[PDB]
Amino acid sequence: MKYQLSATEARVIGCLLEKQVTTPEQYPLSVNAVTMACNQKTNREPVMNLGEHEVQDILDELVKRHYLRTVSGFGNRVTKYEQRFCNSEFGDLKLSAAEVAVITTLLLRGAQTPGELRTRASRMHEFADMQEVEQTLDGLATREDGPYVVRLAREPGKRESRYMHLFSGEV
């Protein structure tokens, strides 16, 4: 889009997108919740160990770039963070549940095959088949909205090709 996400910025975005679907009872996320989601040993490639201050800096960056938004009010005053990335009242980025699951999984685990994404994105959206994941990836690369996923050159002896998100540039 307008702002290209760094490796750590894409992880913070991917965490808030994932937790909004998987754990709605803990959304919006506090600073500790974002930090914990960033450094999870599971559903994360690569596994990170970002400090609380680093996460807050990334949170501050994505807020002023209008990808996140601060929520406070009262209730222990602990400031929470929502996603302005997709499907807000404001912005023009509209992503279906199938495309949210695909985008979030690649944001958190990097380049993956449709077979991989069929398993690792079901947590956020169960695809009835692999034709759904295939149709989801094909859509996000065709929208005049912009190319959101690229399909990398297929590996030798691989059998399936890998796809990568384009919120952090070209590979």
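From 1 onward, residues are counted along the sequence shown.
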{"property": "Comparing 75-83 with 92-100, the one whose average Cα B-factor in the PDB entry is higher", "result": "75-83"}
{"property": "Segment of higher mean CA temperature factor, 45-53 or 140-148", "result": "140-148"}
{"property": "Among 40, 32, 105, 70 - the residue whose C-alpha B-factor is largest in the record", "result": "70"}
{"property": "CA B-factor placement of residue 130, once the chain's modelled residues are sorted into thirds", "result": "highest"}
{"property": "Entry-reported Cα temperature factor of residue 155, expressed as the chain third it lands in", "result": "highest"}
{"property": "Among modelled residues of the same chain, the CA temperature factor third for residue 161", "result": "highest"}
